[PDB]
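Shown next as structure tokens: one chain only, the form deposited in one PDB entry.
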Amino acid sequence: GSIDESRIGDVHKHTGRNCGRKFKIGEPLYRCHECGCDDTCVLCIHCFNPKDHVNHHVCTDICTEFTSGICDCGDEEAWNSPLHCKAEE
């Protein structure tokens, strides 16, 4: 077999558990009007999968110092539809 060590690999994969990545200032936060339960359900850049949200109203935000957030990818009580983590691609 042959793997390339330079690749991002699987450092962002979180199969079976929630992502819970903490947003640092400047990073994008993704929210979907159709998929998210309340206006606090968010996805990180590594998780957000455009495929899941074709025809949906996606809202992007820049993370600030006042942003206290962790990624909700894989927490099934935060989403109306099952998501497909991008890190799995």
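All residue numbers are counted from 1 along the displayed sequence.
Below: the form solved in complex with a partner chain, not depicted.
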Fill in: Heavy atom of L29 within 4.5 Å of its partner chain in the entry with it bound
yes
Worksheet item: Quick one: is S68 in contact with its partner chain in the entry with it bound, heavy atoms, 4.5 Å cut-off?
Response: yes
Worksheet item: Using heavy atoms and a 4.5 Å limit, would one call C19 a contact residue for its partner chain in the entry with it bound?
Response: no
Worksheet item: Does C35 reach its partner chain in the entry with it bound if we count a contact as any heavy atom within 4.5 Å?
Response: no
